[PDB]
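Engineer: Can you keep this structure in mind? I'll have questions shortly.
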Amino acid sequence: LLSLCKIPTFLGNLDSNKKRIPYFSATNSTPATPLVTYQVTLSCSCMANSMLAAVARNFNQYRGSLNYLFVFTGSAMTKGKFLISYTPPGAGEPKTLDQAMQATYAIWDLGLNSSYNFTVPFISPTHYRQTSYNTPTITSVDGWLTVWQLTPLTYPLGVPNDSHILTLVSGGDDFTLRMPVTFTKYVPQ
Amino acid sequence: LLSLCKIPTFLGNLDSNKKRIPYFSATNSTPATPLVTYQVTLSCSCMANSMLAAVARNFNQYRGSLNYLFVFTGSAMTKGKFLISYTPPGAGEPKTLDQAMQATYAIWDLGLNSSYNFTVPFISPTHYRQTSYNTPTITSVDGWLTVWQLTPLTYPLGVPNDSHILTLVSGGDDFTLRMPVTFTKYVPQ
Amino acid sequence: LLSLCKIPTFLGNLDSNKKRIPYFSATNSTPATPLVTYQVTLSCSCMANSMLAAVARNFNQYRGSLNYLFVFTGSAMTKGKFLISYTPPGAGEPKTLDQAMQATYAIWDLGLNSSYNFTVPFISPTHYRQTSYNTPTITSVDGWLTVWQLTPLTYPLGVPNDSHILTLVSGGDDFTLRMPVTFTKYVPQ
Amino acid sequence: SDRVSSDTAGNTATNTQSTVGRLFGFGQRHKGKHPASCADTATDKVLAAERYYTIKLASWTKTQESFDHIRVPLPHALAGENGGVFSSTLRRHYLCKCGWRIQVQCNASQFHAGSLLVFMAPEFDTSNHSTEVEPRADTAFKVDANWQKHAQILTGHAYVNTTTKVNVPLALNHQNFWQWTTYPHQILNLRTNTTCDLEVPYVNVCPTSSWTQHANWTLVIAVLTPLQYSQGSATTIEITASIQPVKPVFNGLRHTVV
Amino acid sequence: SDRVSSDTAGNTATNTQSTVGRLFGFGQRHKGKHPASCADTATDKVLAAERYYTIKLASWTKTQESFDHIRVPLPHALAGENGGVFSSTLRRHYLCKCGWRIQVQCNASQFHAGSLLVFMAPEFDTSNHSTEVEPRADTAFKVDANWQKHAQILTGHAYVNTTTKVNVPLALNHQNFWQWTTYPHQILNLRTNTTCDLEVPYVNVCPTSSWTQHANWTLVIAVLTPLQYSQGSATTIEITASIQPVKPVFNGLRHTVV
Amino acid sequence: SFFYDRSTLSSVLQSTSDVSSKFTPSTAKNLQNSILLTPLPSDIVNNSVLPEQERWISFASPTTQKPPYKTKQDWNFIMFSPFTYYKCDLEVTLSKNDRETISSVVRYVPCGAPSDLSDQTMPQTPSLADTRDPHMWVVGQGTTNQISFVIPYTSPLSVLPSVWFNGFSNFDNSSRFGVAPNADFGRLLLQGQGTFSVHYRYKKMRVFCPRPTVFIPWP
């Protein structure tokens, strides 16, 4: 079943009308706040419908790397740089770019290659971490992944101001799950 | 000190308001006259503030190659070709492209690589040449370096008509200076 | 002459009437402030008449350990513990025992042996340090040596409340002076 | 004689002239190995943090009775500003793993009488017992400001009101002090020594500690025999301690706690 | 292609896709050797301090002229709270010795034109020049908030009133920017690269630095060719930098500076 | 090494007191009777007892707007010092400006050492010679009115700043920003009648970190 967990699947981002979409927007500006924020928990509502979460829901604990794949869908004429950061817990969510870049991060530069494969290192006080929880604990919630706009998306005339970046997740190369269980049942709709 | 002489430094070109700038302009046309003209003398007012000239001012004679570095700063969408010519003295300054291309020259084509490293060959009746002079002599003035527009700078819509080409100089690989001296003093301002 | 510098000689402490004495007092209490404070400079007025300073005055720079010898002269029935601290500069003089014990220190416990040989380690940004100065600089002033009362001097009835601790200084085992010079002359009195 | 002992740690050094040796709890020492539960390479061997932090603990008077005690929660006792670089590094890390090297000091005279029990205990209740209020982050891990009485802990102390206490015979934070001697310890007998030297390794329910939520070790000083002395003898008898975190290793670097 | 480069430092990593290589000033690197002028064993190999600290530097507009620049005093630019553990450790030490690994970032487009000179210079005047007032501790080592003009530094800038300035032809803080290219550098040509990578070793008048009094290194970003672009192209062009102290070693531990 | 290994005019000294007298710091039309050994500008700064290193050059005349300058320096060094730091030994040459038989005593004081501007300890003796510091004494019709000698680098600094020093020299940062502490080769105190010109020759010259030269007005 791990095979499935490693297949990058779509994250559910919120539309301006609170609708769920597989991408986020970026334009010619650099917000002082992150474009998107994903709490690293296989319980994140953000990855609720990814194959990774679908499988993880049937297991008690996980361990290993997580891969967050970002695919730039803007025009070929659009350029820009993002700073993808993974902030371990303990001091709360990063409030500024200064704080975000003080944790684990990678700068994603747009160009010929369309996507960036970002890995959230497995940094934990325990060897395994819970897949879900009632209330967040230090063994079920592991920080946040935020993507910032380092430089504004830049482009020439005749190009739409908004670019869409597809977002996906999956378990990394050394990712594993264990202890088969049944998740909290629900009524489909 | 030769190390310094080999570091490409900026030439002082004249602005439309007679102001000094580190570049010259080019556009969608091919003038019948050179875009810029530098007399090959380490005394040229044009290179007066380059490290090359600054060091040469403290020496009596030089010998060897001179490197004129041109860096295209126009847009990535702008194309064009320049004809950089070095005319040895004896028949005066070249008045037309026909005359310029009859001397030492290289055609610079714009594209992926941004700059062109042009070398003014050391062509002299004497083994060494004077760094400065009261009146120009055949041992202190060695001709001219002129850059012409072979083909007009060409580009699509939405691109500024004027492109700026940075201009720098330095001693070449086989360039040397000799005889330490003090240059004509002046009052800073 | 170094032989002389290594002979422990008396420091000049201030009497309650501002008179100079070779010792300081201690009693059945633990002050929140140091009993004595010596700035580590061979220029200290405190060691002005020690052989160490007398010799150092005729040299430009020193290097190496300094030995501060303390001799307990109280009764054999008197007990107690002192905390001798050497605080390197940069954050100013230590204001509390908490600050003093955060630097180099040794706890001196009274008993059979009467004296404690304390060494001020040579901690310096420079290999050598100035013997004197007009104004204190980072190459002429090296911090402070303060002695605190860790536990109160304790004793039985029939014993004077005040105990006298003799204080001496000298260069350590690896102490050296260099560059013979003449010190600022003065009129004896 | 052979009782003169000096111990160096970074830019600090303790000295005693009446030592009875150093007792190693569980005969173990914290070797400073990185926790296998963390993928990030730990920050360790920080010389500025591997030193002795000395603090005043309490005043011993004739009014203290056998088993009255003072508690020193660890690492919290040093998580404040006076914890130097150990503290500033600790506050900026999610996890910390370390042992403790400690020397408690207390002198009197050949004419004073009395003794103290100096020991280290894991999972030793450090919460406030002078209230029926639930312990909180800022009241659970504090160094005792006053001597703690002994009667109210034999059967524990439930955080419930006085009338309910009647139907609550035992609480899990109970401490049968008659056996406190089973914890790694030493005794500070005024006639014998003025210092006690202990050292314990790292123990906990897990590989490394989320210290912000847990004070796994507690240094405790309890009187065994009440202080006595005659008219004329020094009346001010104080207790001090030099605490050194042994080879602390930190994981999970983040912004500081407030 | 071969222009994609990633560089790791602690828990940080820079990435570029238009690198032209890394230039090592003086072909040297700070090896992290302890200063022979200090007897105390230095504090070093602090992973939490050996990382990249990223900060926004300035906005590049069409109004900037050749040689207008921004200065970044070192280590001071990172001596503030945002200097993380490098800062908190630095502030508590009398001396610090280190090199610098830096990457300045700035993107535009294939339709923009202009270039910057990114260089490191030792003993490069970082004092304020918009006044005749003597530089002070809190005004001498600050990262430029505004672009600095170029004319007022060719012959230096004396801290004397405007009328005296007339009889003062040259000041030792002069900077003949026509030769700024003799300093270890790289050029950020909008058509070529969006990043510059430099690294310099430790140089100074002495073995280690009493940093509180001296900013021996200065990162400088000067425009060589003015920014140009046509109507419709992105107008917001900003400059950033990732600064990493290379193997910093600290000596003279003490209480913090304020 | 070769370029800087030659004597260049770098200072001028003047004294109106005889050899056998007490040396007393004096100034006369911008000329002191003592010198600070440094190629950089030096002069009395804010009424200092002896010359200190300046941070800028000023004209001697308040009107002319033309040299001479009131500050002392090696013009050739200031106008051409394309480096940030330098290291070397100093060969000093001192020459009497006229042919009147010389009779002078010069005292050399190592970088940062005590100036010792004390009284004579014995009657009718040159106070400058009353020292163990290196000093020179030239006098008579057999002499050739000059003195030359070489001194080693004596500064406590590893290398000297050639142009600017971006910092203060004291711990309360109250000094004149831009001037490094003890950035010189010592001082020369002179007594005896006459005006003497001084030359510096940089022995085993070593330079570090290339930097801009002094700007020159556009022709």
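Residues are referred to by chain and number: the chain letter is A, B, ... according to the order shown in the structure tokens, the number counts from 1 in that chain, and ligands are numbered separately from 1 in the order shown.
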Report as a list in words all protein, DNA and RNA residues lying within 7 Å of residue 63 (chain B), evaluated on only C-alpha atoms, omitting residues in the same chain fewer than 5 positions from it.
Structural biologist: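 Using only C-alpha atoms, the neighbours found are residues 122, 127, 128, 129, 175, 176 and 177 of chain B.
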Engineer: Would you list, as a list in words, the residues of region 54-158 of chain B that end up in alpha helix (DSSP H) under DSSP run on this structure's backbone?
Structural biologist: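 Taking region 54-158 of chain B and keeping alpha helix (DSSP H) only, one gets residues 54, 55, 56, 97, 98, 99 and 100 of chain B.
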Engineer: Please provide as an mmCIF file with N, CA and C atoms, in the first residue's frame all residues within 7 Å of residue 81 (chain C), with the sequence filter that same-chain residues fewer than 4 positions apart are discarded (counting only C-alpha atoms).
Structural biologist:
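Here's the written file selection-v3.cif:
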```
data_model
loop_
_atom_site.group_PDB
_atom_site.id
_atom_site.type_symbol
_atom_site.label_atom_id
_atom_site.label_comp_id
_atom_site.auth_asym_id
_atom_site.auth_seq_id
_atom_site.Cartn_x
_atom_site.Cartn_y
_atom_site.Cartn_z
ATOM 1 N N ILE C 107 36.229 28.263 44.271
ATOM 2 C CA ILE C 107 35.673 28.407 45.602
ATOM 3 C C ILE C 107 36.780 28.105 46.599
ATOM 4 N N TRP C 108 37.055 29.062 47.478
ATOM 5 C CA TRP C 108 38.100 28.907 48.480
ATOM 6 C C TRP C 108 37.489 28.542 49.826
ATOM 7 N N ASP C 109 37.798 27.341 50.305
ATOM 8 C CA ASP C 109 37.288 26.872 51.585
ATOM 9 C C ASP C 109 38.381 26.959 52.646
ATOM 10 N N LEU C 110 38.065 27.578 53.779
ATOM 11 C CA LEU C 110 39.026 27.728 54.862
ATOM 12 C C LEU C 110 39.235 26.414 55.603
ATOM 13 N N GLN C 149 31.712 36.494 49.265
ATOM 14 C CA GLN C 149 31.543 35.670 50.442
ATOM 15 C C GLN C 149 30.466 34.671 50.024
ATOM 16 N N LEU C 150 30.845 33.408 49.838
ATOM 17 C CA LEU C 150 29.881 32.384 49.443
ATOM 18 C C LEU C 150 29.045 32.025 50.666
ATOM 19 N N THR C 151 29.720 31.621 51.732
ATOM 20 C CA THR C 151 29.059 31.312 52.991
ATOM 21 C C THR C 151 29.654 32.311 53.970
#
```
Engineer: Near chain B, which residues of chain E fall within 12 Å when you count only C-alpha atoms, and what do they look like as a VMD selection string?
Structural biologist: chain E and resid 20 65 to 67 108 to 117 151 to 156 165 to 171 174 176 to 193 223 to 233
Engineer: Restrict the distance test to only C-alpha atoms, flag each residue of chain F within 8 Å of chain C, and return the flagged residues as a ChimeraX atom specification.
Structural biologist: /F:113-114,116,132,169-171
Engineer: Quick one, how far is CA of residue 91 (chain C) from CA of residue 254 (chain E)?
Structural biologist: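 Answer for the CA of residue 91 (chain C) to CA of residue 254 (chain E) separation: 5.6 Å.
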Engineer: Can you tell me, as a ChimeraX atom specification, which residues in chain B count as strand (DSSP E or B) by DSSP?
Structural biologist: /B:9-10,13-14,20-21,23-26,36-39,59-63,66-72,79-87,104-109,115-120,129-130,144-154,163-171,176-180
Engineer: Name the closest residue to chain E among the candidates F:167, F:194, F:181, F:67; distances are taken between atoms, counting only C-alpha atoms.
Structural biologist: F:167
Engineer: Neighbours of region 194-201 of chain D within 8 Å (only C-alpha atoms; same-chain residues fewer than 2 positions away dropped), as a PyMOL selection string?
Structural biologist: chain D and resi 16+18-26+28-30+98-108+118-120+184-190+192+203
Engineer: Mind pulling up the distance from CA of residue 140 (chain D) to CA of residue 72 (chain D)?
Structural biologist: 11.1 Å
Engineer: So that I can check the surroundings of region 124-127 of chain D, please list as a PyMOL selection string every protein, DNA and RNA residue that reaches within 12 Å of it, counting only C-alpha atoms and ignoring chain neighbours fewer than 5 positions away.
Structural biologist: chain D and resi 69-74+76-77+119+132-144+148+153+156-159+171-177+180+183+204+214-220
Engineer: Take CA of residue 16 (chain F) and CA of residue 54 (chain F) and report the distance between them in Å, one decimal.
Structural biologist: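 Separation of CA of residue 16 (chain F) and CA of residue 54 (chain F): 25.0 Å.
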Engineer: Identify every residue of chain D that has at least one atom within 10 Å of any atom of chain E, counting only C-alpha atoms, and report the result as a list in words.
Structural biologist: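 The selection requested is residues 10, 11, 40, 41, 42, 43, 44, 45, 46, 47, 48, 84, 85, 88, 89, 92, 253, 254, 255 and 256 of chain D.
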Engineer: Once you have the residues from the selection above, write them out as a compact mmCIF listing (two decimals), in the first residue's frame, restricted to N, CA, C and O atoms.
Structural biologist:
```txt
# COMPACT_ATOMS: atom_id res chain seq x y z
N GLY D 10 33.82 23.82 31.69
CA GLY D 10 33.84 25.04 30.92
C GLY D 10 34.69 26.09 31.61
O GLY D 10 35.82 25.83 32.01
N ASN D 11 34.13 27.29 31.77
CA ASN D 11 34.84 28.39 32.42
C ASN D 11 34.47 28.48 33.90
O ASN D 11 34.58 29.55 34.51
N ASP D 40 16.90 15.32 12.53
CA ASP D 40 17.78 16.47 12.44
C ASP D 40 19.01 16.23 13.31
O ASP D 40 18.90 15.71 14.42
N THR D 41 20.19 16.59 12.79
CA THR D 41 21.41 16.41 13.56
C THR D 41 21.37 17.39 14.73
O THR D 41 21.25 18.60 14.54
N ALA D 42 21.47 16.85 15.93
CA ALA D 42 21.41 17.65 17.15
C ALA D 42 22.55 18.66 17.29
O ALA D 42 23.61 18.52 16.67
N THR D 43 22.30 19.68 18.09
CA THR D 43 23.29 20.70 18.40
C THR D 43 23.85 20.20 19.73
O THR D 43 23.09 19.92 20.66
N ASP D 44 25.17 20.06 19.81
CA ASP D 44 25.77 19.56 21.04
C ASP D 44 27.16 20.13 21.26
O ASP D 44 27.60 21.02 20.54
N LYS D 45 27.84 19.60 22.27
CA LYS D 45 29.19 20.03 22.62
C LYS D 45 29.32 21.55 22.64
O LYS D 45 30.27 22.11 22.10
N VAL D 46 28.34 22.22 23.25
CA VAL D 46 28.37 23.67 23.36
C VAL D 46 29.06 23.98 24.69
O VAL D 46 28.43 23.93 25.75
N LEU D 47 30.35 24.28 24.62
CA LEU D 47 31.13 24.55 25.82
C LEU D 47 30.51 25.60 26.74
O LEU D 47 30.56 25.46 27.96
N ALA D 48 29.91 26.64 26.15
CA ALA D 48 29.29 27.71 26.93
C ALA D 48 28.07 27.24 27.72
O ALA D 48 27.55 27.98 28.56
N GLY D 84 22.25 31.21 31.48
CA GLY D 84 23.23 31.52 30.46
C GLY D 84 22.93 30.97 29.08
O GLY D 84 21.79 31.02 28.61
N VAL D 85 23.96 30.44 28.42
CA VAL D 85 23.82 29.89 27.08
C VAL D 85 23.09 28.55 27.10
O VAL D 85 22.52 28.14 26.08
N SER D 88 19.48 30.01 26.95
CA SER D 88 19.16 30.61 25.65
C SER D 88 19.11 29.60 24.51
O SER D 88 18.39 29.80 23.54
N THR D 89 19.85 28.50 24.64
CA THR D 89 19.85 27.47 23.61
C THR D 89 18.64 26.57 23.83
O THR D 89 17.96 26.17 22.89
N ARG D 92 15.27 27.88 22.68
CA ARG D 92 15.10 27.90 21.24
C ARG D 92 15.08 26.51 20.60
O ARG D 92 15.19 26.38 19.38
N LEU D 253 15.27 22.91 16.37
CA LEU D 253 15.53 24.34 16.48
C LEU D 253 14.30 25.12 16.00
O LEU D 253 13.70 24.79 14.98
N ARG D 254 13.92 26.15 16.75
CA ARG D 254 12.76 26.97 16.41
C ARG D 254 12.90 28.34 17.08
O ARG D 254 13.91 28.63 17.71
N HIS D 255 11.87 29.17 16.94
CA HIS D 255 11.89 30.48 17.57
C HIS D 255 11.77 30.25 19.08
O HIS D 255 11.29 29.20 19.51
N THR D 256 12.20 31.21 19.88
CA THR D 256 12.18 31.09 21.33
C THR D 256 10.80 31.04 21.99
O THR D 256 9.80 31.46 21.40
```
